[PDB]
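Just below is one structure, and these are the notes that go with it.
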Ligand code: HEM
Ligand code: HEM
Ligand SMILES: [Cl-]
Ligand SMILES: [Cl-]
Ligand code: NA
Ligand code: NA
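What follows is the structure, given as structure tokens:
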């Protein structure tokens, strides 16, 4: 059946904003996962998981009689898709069970792992999500094998359809770099927002870069990809050596024996894939990666044997039975146990990427320290494993259950606790009037609150106005935030705050985070008054102010908006058209296409553009909240043409006279071009729409101000 | 960016069931279009539309100073996409404004038409939908030009994204037949459900079949496509001759001057397309179809000139200025006015397809009768124009406003009015107890009500249990309805009905339509009792019984289910796999994926399968309302394989013994294979889900029973 995507493959795609509707959700509109999970008997689930670890099923027999290694890999792959660039990927939505991730080649045979967990999932039902179960199972694996984890939080609600994620442009699984859709350019520069070296890999190629088995070069790809998943050298080494303390790889025969991935398999395979014609197709005969390496002498027990082997031997390049490059210990005895035959033993073996931990000079220093001090290793790994598996969960307020670690970690972007009474409705009214009496304009107030709140992204639940990090490095210096203007607004609000807090009794006080948001509320109300409309904008206090010492400046860098169509901002020139970036930003803000539309048209006329650009400001009453953006955009009395200076800037001229009326960017004009977005703009551009426009604008403003308010819980 | 569709282009697509969510809708979820329209000042709208007809805009000047022809075509294209096979297409959703229809080649320059209407749309806003406005505008164009219409109903609510319709498999616009994706096979047999001859055309090619200018062969395509749009010979001649009483075609220069269709045009075109480099690109210089034909001596006034020309001249094959085949009157004087230059006149001209009305023997007879009796022509065209523009609106209870014709037409599938008291709750309980005391089984009751209600389709709002048409021809004889079983049930229910009605006073009676539905509800209730559960099934009386004379048997044939996965039925063997057909049927029933899932699992265990097949009946307590389908489907203790006799039937065997436990079809097993469907199945197959299953089942059952209840209004 030919589709619109076939006819117009470059048309903007809005369907990403309409995933996750109530249509596709099987749970009731009132289902609250946190409430279900809080009553789960977590100790009973962990006991069932523990029993499972050594209860082998014949359709996928357990290596060494223990599924621990398999489950650790499952949990590390669930978490391992995460990219800091956009926050997308990660374990927080259980996306490993849907396409494409369920059929990525790096996820081969994790379909067996997830099916082993069905009887438990079935037993506990809605009280434990698949998302939480995948991580929990990895923790119980570790614990059952003598490793003390750092803790665990529940709260990852299940999802019901695939996320629309850009995973690269290659059309062939695992394609080596340098092809027509290469994700590399220049001196091995991986394109943002990607965080893996080949399509369908978690991070790197275990043979080495594009299969070249050089540990030194592989180390470069390790460091680059892991940094793109928010891990530094210490954490990287800890995680890789930690993981590879357990279990084994599977490459017992040629890969051509392995059939279709789960999405391509026949209906009779009932959601499983990679069926293998090699011998029994499983157990002793399994083929997963094609590598056949077993790292330690006790693959089902925590040890420091990974580094004892890594440094205790010299390594020789060899081939697995499937033909893949891997390494074997020179002159060693057969000390490694076999997974099924107690009379067989094997020499120590390593991946190219394991050897990176010894041959890259910076990793070698860490690895030696871990080898000499295995208690340091165990602590690094436990911390790193926690971070890995929690990094997309958002603020600690979302963390559920009895095993949440009490230690507050910098990477969590922590918010201090509130320990005083909050402002009430009458206080909020008083503060809004004081803000408006100070002389701050609608434009300033809107732009500042927008800047503070719109760093949120629903992909990993980072950002938002909570914390007042807009006043700290690096947010205060981001170009989009207009640093000099920002500093003047913040100085005025901080003097308001000081005066209000100094007059209170009873310890009542207002945070600057709350006041920034409340002041934006005042600006929106004032804008509405300017247009002849009395409205109240909702406001919920309870935000707190974080310090500079609680703010990791390097980690915050990825939240810098380099494109924010809502402020008609583009930091530089990108390959992707600006309207595509607008829709991407709307997705991260959790906005539907109607919400995106109303919000953008309102912000234009409120003076939210960076630099006070007139692009898209289609009103003669700037700082009044009206539908003028839509009414003027849609006026067929105006003709639009790209300018000679810049193809991405358009002039709107009266069609009859030639007189210049407006200028706009692609982000403005897409609302009059795209057929779905224009249908939206027409509703808000209609003569009966002033009331609806105002109401819907206020609702979406408030939604944005509250995106990170997980304390309202 | 590579997508799941690119990796697995044959995977079943569920996103068609999740279009039209509250996410993409800009209106509040309480918006009720019927209420808005009922308050519209329709007379005022019509005055504005009258004014518009002769208010020419310089960016698309009006032919002959009157846009009436352009608007008639616009309205006929809006309605013209309709197919009786599935009810999809038609004017009822205003889909001409979205992709692909806004950019079909047959819809060239209708973008200009729609844009002329924006100011009226804007002025009246949400009180008149685009969908209603396009048809209303066509009516007003007719009335402005001297033709009295049969009436008009509002009520077509706007939609906000494209519908997923199969329009064909060709990858080239307008591709002629016999290609790798040909829509024709054999002796010019058009594949169901299609109703046009080439991709991007409304019905037929105006030059003739695959461009061969033979009016006799063009007639055959006309008759076949128009029959597929619910029109017979008389209606077809009336509509073509009626339409081509007005306006003109546009082909003033080569088609290569015409640039990108609206979905491919630059952003500066603001939603318009087909920009032409030929001379002024518009007006006198316009190019739409490439033909240059003006049919009558008064193109802006109703006349009887179409048939005077058709029969009064002999015709000669010639070419338009763009190279297209058309016909010119031999020896005629230059009597046809020019659209812009008062000093220029033209000879009469015709399309190949106009000449079909004279050279096809059956059409010639009708055309002559219309030529001789122009009042018959006028009346036929008026009725046909009404049908064309209303055929997808559904029952008359949906018709709004003060111009609705009082005459009840056969094609509306009329239901008599109810003129007596309805049964109350005590009566419903008494009837359900009588039904259960009669000996009718759960399986019978559920099957019968399912058969009655599931003929509904949301595409044109035809079908459903209202009318009790299941008792009439042809529904009573449909194989899927199990005619012998059906007769026995109906005989028992008719005796219950007669005895209840005969004991009433005060005029109270129950219709058979209501009793069929009520008896199904009793079956569901009894099934719940069988499983140890009290349950209440809602029921709303008020259905009436239609007569055989109110039930057009030929028109009803298109509602016959040749595939109904909800009853594990497939009438023969089709090209499209059975699970794709299941999703298609769910879409027509208006079901989401979770609703489809619960409903199918429940129907299986209640005995709704045609022929009492055991396929998918994964329970040892048939006729009990349980979640057994999901629990058993998901049991990894069973291994599935296709049978040798039939690749589309599967055997489920105990994995450890080889013993046969179940059999199933693709429709059963897809719930265990497709990664999104399996996630839904898991929710209903979990240990905590029995009550959820029951409740969700009853809800969707009730939804199905009420799909045609537009009287509950
Ligand atoms: C450079 C990074 C890494 C590379 C290239 C990599 C590579 C691989 C490969 C190729 C396999 C074999 C799959 C098979 O054939 O079954 C695997 C197994 C495994 N990996 Fe990694 N790994 C990396 C990091 C990690 C991390 C961060 C962890 C967890 C902290 C992890 C834990 C495991 C475990 C436990 C197994 C064993 C699976 C089993 O016993 O079935 N690995 N690794
Ligand atoms: C066999 C069926 C039909 C064929 C093949 C056909 C073909 C066409 C073509 C090629 C045009 C010229 C488009 C352009 O170049 O501007 C057109 C114009 C038009 N058609 Fe038809 N037509 C058919 C049936 C209809 C019907 C059923 C109606 C209405 C009841 C209709 C009403 C019109 C009118 C009013 C125009 C003139 C447009 C103008 O003045 O801008 N036609 N037709
Ligand atoms: Cl994601
Ligand atoms: Cl449709
Ligand atoms: Na994420
Ligand atoms: Na339809």
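Residue numbers (the working numbering), protein chains in the order written: chain A, 1 to 713; chain B, 714 to 1426.
Note that the Cβ used here is the ideal one computed from N, Cα and C, for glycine as well.
Exercise. Taking 7 Å as the CB-CB limit, is residue 717 of chain B close to chain A?
Worked result: Locating residue 717 of chain B in the second chain gives position 4, where the first residue counts as 1. At a cut-off of 7 Å between C-beta atoms, residue 717 of chain B counts as an interface residue with respect to chain A.
Exercise. How many whole angstroms separate the CB atoms of residue 746 of chain B and residue 870 of chain B, which I take to be in contact at a CB cut-off of 8 Å?
Worked result: Position 33 of the second chain, counting from 1, holds the residue named residue 746 of chain B. Position 157 of the second chain, counting from 1, holds the residue named residue 870 of chain B. The pair is a contact, with the Cβ atoms about 4 Å apart (cut-off 8 Å).
For this session: When you get a sec, list the residues whose CB is within less than 7 Å of any heavy atom of ligand 5, chain order please.
Result: Listed by chain position, these are A/82, A/87, A/88, A/89, A/90, A/92, A/93, A/392, A/459 and A/460.
For this session: Taking only heavy atoms of ligand 4 into account, decide whether any of them is closer than 6 Å to the Cβ of residue 874 of chain B.
Result: One-based indexing of the second chain puts residue 874 of chain B at position 161. Result no, Cβ not under 6 Å from ligand 4.
Exercise. Of all the options A/58, A/349 and A/224, which has the alpha carbon lying nearest to the alpha carbon of residue 1370 of chain B?
Worked result: Here residue 1370 of chain B corresponds to residue number 657 of the second chain, with the count starting at 1. Checked all of A/58, A/349 and A/224; the closest Cα to residue 1370 of chain B is A/58.
Exercise. Would the C-beta of residue 204 of chain A count as close to ligand 1, meaning under 6 Å from any of its heavy atoms?
Worked result: Taking the first residue of the first chain as 1, we reach residue 204 of chain A at position 204. Yes, since a heavy atom of ligand 1 falls inside the 6 Å radius drawn around the Cβ of residue 204 of chain A.
Exercise. Shortest alpha-carbon distance to residue 675 of chain A belongs to which of B/781, B/794 and B/824?
Worked result: Sequence index remark: in the first chain, residue 675 of chain A carries index 675 (1-based). With distances taken between CA atoms, residue 675 of chain A lies nearest to B/824 out of B/781, B/794 and B/824.
Exercise. Any idea which residues DSSP pairs residue 1355 of chain B with across the strands?
Worked result: Numbered from 1 along the second chain, position 642 holds the residue referred to as residue 1355 of chain B. B/1363, per the DSSP bridge assignment.
Exercise. Would you call residue 1249 of chain B buried or exposed, if buried means 16 or more other Cβ atoms sit within 10 Å of its Cβ?
Worked result: Start at 1 with the first residue of the second chain, and residue 1249 of chain B comes out as number 536. Exposed.
Problem set entry | Any non-hydrogen atom of ligand 1 within 6 Å of residue 650 of chain A CB | Mapped onto the first chain, residue 650 of chain A falls at position 650. Taking 6 Å as the cut-off, one finds no heavy atom of ligand 1 near enough to the beta carbon of residue 650 of chain A.
Exercise. Where does the unbroken beta strand (DSSP E) through residue 328 of chain A begin, and where does it stop?
Worked result: Residue 328 of chain A sits at position 328 when you count from the first residue of the first chain. Run containing residue 328 of chain A: 325-329, per the beta strand (DSSP E) assignment.
Exercise. Do residue 786 of chain B and ligand 2 come close, with the Cβ less than 6 Å from some heavy atom?
Worked result: Counted from its first residue, the second chain places residue 786 of chain B at position 73. At least one heavy atom of ligand 2 is found less than 6 Å from the C-beta of residue 786 of chain B.
For this session: Leaving out five residues on either side along the sequence, give the residues of the same chain with a beta carbon under 6 Å from the beta carbon of residue 420 of chain A.
Result: Position 420 of the first chain, counting from 1, holds the residue named residue 420 of chain A. Once the five neighbours on either side are set aside, the close Cβ partners of residue 420 of chain A are 507 and 509.
For this session: Report whether the distance from the Cβ of residue 165 of chain A to the nearest heavy atom of ligand 3 is below 6 Å.
Result: As a position in the first chain, residue 165 of chain A is number 165, starting the count at 1. True, at least one ligand heavy atom lies under 6 Å from that Cβ.
Problem set entry | Coarse secondary structure for residue 1147 of chain B, derived from DSSP in three states | Residue mapping note: residue 1147 of chain B aligns to position 434 of the second chain, counting from 1. The answer is helix: DSSP assigns residue 1147 of chain B an H, G or I state.
Exercise. Which bits of chain B does residue 121 of chain A rub up against, with CB to CB less than 9 Å?
Worked result: Stepping through the first chain from its first residue, residue 121 of chain A is reached at position 121. Within chain B, the residues near residue 121 of chain A are 1395 and 1399.
For this session: Step through the CB atoms of chain B and report whether any lies within less than 7 Å of the CB of residue 194 of chain A.
Result: Sequence index remark: in the first chain, residue 194 of chain A carries index 194 (1-based). Not one chain B Cβ lies under 7 Å of residue 194 of chain A.
Problem set entry | Proximal chain C residues relative to residue 131 of chain A, where beta-carbon distance stays under 9 Å | In the displayed structure, chain C is absent; the protein chains listed are A and B.
Problem set entry | chain B contact for residue 267 of chain A (CB, 7 Å cutoff) | Here residue 267 of chain A is taken as the residue at index 267 of the first chain, counted from 1. Closer than 7 Å to some Cβ of chain B, the Cβ of residue 267 of chain A qualifies, so yes.
Exercise. Which class does residue 564 of chain A belong to by DSSP, given the choice of helix, strand or coil?
Worked result: On the first chain, position 564 is the one that residue 564 of chain A refers to. In the structure shown, residue 564 of chain A sits in a strand (DSSP, three-state: E or B).
Exercise. Taking all protein chains shown into account, do 16 or more other C-beta atoms lie within 10 angstroms of the C-beta of residue 87 of chain A, making it buried, or fewer, making it exposed?
Worked result: As a position in the first chain, residue 87 of chain A is number 87, starting the count at 1. Taking all protein chains in view, the Cβ of residue 87 of chain A is crowded by 16 or more other Cβ atoms within 10 Å, so the residue is classified as buried.
Exercise. Comparing the CB of residue 789 of chain B with every heavy atom of ligand 2, is any distance shorter than 6 Å?
Worked result: Against the second chain, residue 789 of chain B aligns to sequence position 76. Answer for residue 789 of chain B: yes, Cβ within range of ligand 2.
Problem set entry | Residues near residue 17 of chain A in its chain [Cβ-Cβ closer than 8 Å; skip 5 each side] | As a position in the first chain, residue 17 of chain A is number 17, starting the count at 1. Taken in chain order, the residues that qualify are 583, 586, 587, 591, 592, 593 and 596.
Exercise. Alpha carbon to alpha carbon, how far is residue 669 of chain A from residue 1290 of chain B?
Worked result: Your numbering for residue 669 of chain A matches position 669 in the first chain. Your numbering for residue 1290 of chain B matches position 577 in the second chain. It is roughly 43 Å from the alpha-carbon of residue 669 of chain A to the alpha-carbon of residue 1290 of chain B.
For this session: Say whether the segment 125-142 of chain A touches the segment 427-446 of chain A, bearing in mind that this needs 3 or more beta-carbon pairs closer than 8 Å, one atom from each stretch.
Result: With a cut-off of 8 Å, the segment 427-446 of chain A and the segment 125-142 of chain A do not count as touching, because too few Cβ pairs lie within range.
For this session: Give the interface partners of residue 724 of chain B over in chain A, defined as CB-CB distance under 9 Å, in chain order.
Result: As a position in the second chain, residue 724 of chain B is number 11, starting the count at 1. Under the 9 Å cutoff, chain A gives 99, 263 and 264.
Exercise. Is there at least one non-hydrogen atom of ligand 1 closer than 6 Å to the beta-carbon of residue 134 of chain A?
Worked result: Numbered from its first residue, the first chain carries residue 134 of chain A at position 134. Here the distance from the Cβ of residue 134 of chain A to the nearest heavy atom of ligand 1 is not below 6 Å.
Exercise. DSSP puts residue 902 of chain B in a beta bridge; with which residues?
Worked result: For the purposes of this step, residue 902 of chain B is taken as residue 189 along the second chain, with counting starting at 1. B/898, per the DSSP bridge assignment.
Exercise. How big is the Cα-Cα spacing for residue 525 of chain A and residue 470 of chain A?
Worked result: The sequence position of residue 525 of chain A within the first chain is 525, counting from 1. The sequence position of residue 470 of chain A within the first chain is 470, counting from 1. Those two C-alpha atoms are separated by around 22 Å.
For this session: List the residues of chain B that residue 636 of chain A touches, going by C-beta distances under 9 Å, in chain order.
Result: Mapped onto the first chain, residue 636 of chain A falls at position 636. Chain B residues near residue 636 of chain A: 770, 772, 828, 829, 831, 832 and 983.
Exercise. For residue 686 of chain B and chain A, any beta-carbon pair shorter than 7 Å?
Worked result: Because chain B is modelled from 714 through 1426, residue 686 of chain B falls outside the range shown and cannot be assessed.
Problem set entry | Length-filtered (4 minimum) alpha helix (DSSP H) runs lying within the segment 765-835 of chain B | Entirely contained in the segment 765-835 of chain B, the alpha helix (DSSP H) runs reaching 4 residues are, in chain order, 781-792 and 823-829.
Exercise. What do you get for residue 312 of chain A, buried or exposed, if any count of 16 or more other CB atoms within 10 angstroms of its CB means buried?
Worked result: The residue given as residue 312 of chain A occupies position 312 in the first chain. Exposed.
Exercise. Is the segment 960-969 of chain B close to the segment 617-631 of chain A, with three or more CB pairs under 8 Å?
Worked result: They do not touch, by the three-pair rule.
Exercise. Any idea which residues DSSP pairs residue 350 of chain A with across the strands?
Worked result: Position 350 of the first chain, counted from the first residue, corresponds to residue 350 of chain A. Looking at the DSSP assignment, residue 350 of chain A forms a beta bridge with A/327.
Exercise. With a cut-off of 7 Å, does the C-beta of residue 1307 of chain B fall near any C-beta of chain A?
Worked result: Position 594 of the second chain holds residue 1307 of chain B. Any Cβ of chain A closer than 7 Å to the Cβ of residue 1307 of chain B would place that residue at the interface, and such an atom is present.
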